[PDB]
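Just one chain follows, in the form deposited in one PDB entry, and it is written as structure tokens.
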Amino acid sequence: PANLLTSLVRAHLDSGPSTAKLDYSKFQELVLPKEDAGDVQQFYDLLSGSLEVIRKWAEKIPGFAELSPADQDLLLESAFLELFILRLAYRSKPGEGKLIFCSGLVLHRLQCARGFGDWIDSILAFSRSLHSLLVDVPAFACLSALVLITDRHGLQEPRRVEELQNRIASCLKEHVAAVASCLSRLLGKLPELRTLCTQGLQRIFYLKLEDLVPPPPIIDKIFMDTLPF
């Protein structure tokens, strides 16, 4: 409620690194000298490292594991990119151009530019926007989940998904009160995140075109399954 809020916060905090487990051993703000294979492999590796994490996170959202297994998979697949972006934007420090990934790895914007292309700048723009509204951890823990638990084409039980969504929206609304002016400002971030998911699909397309390094099968599936055509 309640305990829902608590369960949500706990799932969120368990899915990321501790401030103590941040890894700076590879961080370099200075880069010497377009995409090569090393950049493309790291792009896919960073994407890949979120998917087991985001899957273990979702399993801990109360109600999620009692959606049908096919609806679990569809929701995870459809939201992966958005969740990767949102959690990265929240985690990172755009004032310093610092990306912090869910493994604890810290990289500088220009260590990532080659692999990600312009998308990483747009992610950084979203991150500074997200930071300006100072979303506290409980609110974020709800928002995150609402990105996952939302209508998608092909759901077997769209109403049960809608029920769990309303439960989470309800939980969020209250928390914001306990602390929809600044709520609808919050929810205003979700459409922008969609637009960022698109830029991500555009980047994967370009790299599949380029074909230096192939995408790993499960990223490829997400790409193929999320093309609505």
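Residues that one form lacks are left out of the comparison. Residues carry their position along the shown sequence, with the first being 1. In this text, rigid core is short for the largest set of C-alphas that superpose within 1.5 Å between two forms.
> Counting the other entries of this protein, is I168 left out in at least a third of them?
In all of the other entries, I168 has coordinates.
> Among the other entries of this protein that were compared (only those with both neighbours built), does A180 lack coordinates in at least a third?
Per the records, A180 goes unmodelled in at least a third of the other entries.
> Looking at the deposited sequence, how many residues between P33 and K34 were given no coordinates in the entry: none, 1 to 3, 4 to 9, or 10 or more?
In the record, 1 to 3 residues between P33 and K34 lack coordinates.
> For the stretches 168 to 176 and 56 to 64, which has the higher mean C-alpha B-factor as given in the deposited record?
Higher mean C-alpha B-factor in the PDB entry: 168 to 176.
> Select between 208 to 216 and 7 to 15 the stretch whose C-alpha atoms have the higher average B-factor in the entry.
Higher of the two, by average CA B-factor, is 208 to 216.
> Determine which member of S78, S92, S122, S132 has the highest CA B-factor, using the values in the deposited entry.
Largest recorded C-alpha B-factor: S132.
> Which listed residue, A70, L47, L201, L186, has the largest C-alpha temperature factor in the record?
Among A70, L47, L201, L186, the PDB entry lists the largest C-alpha B-factor for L186.
> Based on the entry's values, in what third of the chain does the Cα temperature factor of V106 lie: lowest, middle or highest?
Lowest third, going by the recorded CA B-factors of the chain.
> How does the C-alpha B factor of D118 compare with the rest of the chain: lowest, middle or highest third?
It belongs to the highest third of the chain when residues are ordered by C-alpha B-factor.
> Mind checking which third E29 falls in for C-alpha B-factor across the chain?
Top third by C-alpha B-factor.
> When the modelled residues of the chain are sorted by Cα temperature factor, does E157 land in the lowest, middle or highest third?
Middle third, going by the recorded CA B-factors of the chain.
> Divide the modelled residues of the chain into thirds by Cα B-factor and specify which third, lowest, middle or highest, holds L196.
For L196, whose C-alpha B-factor we compare with every modelled residue in the chain, the answer is the lowest third.
Not on display, but discussed next: the form deposited in another entry.
> Of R203, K60, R167, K189, which one has a Cα that moves 2 Å or more between the shown form and the other one once the core is lined up?
The one that shifts is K189.
> Using a 2 Å C-alpha criterion and requiring 3 or more consecutive residues, which regions move between the shown form and the other one after core superposition?
In sequence order there is one run that relocates between the shown form and the other one, which is 184 to 195.
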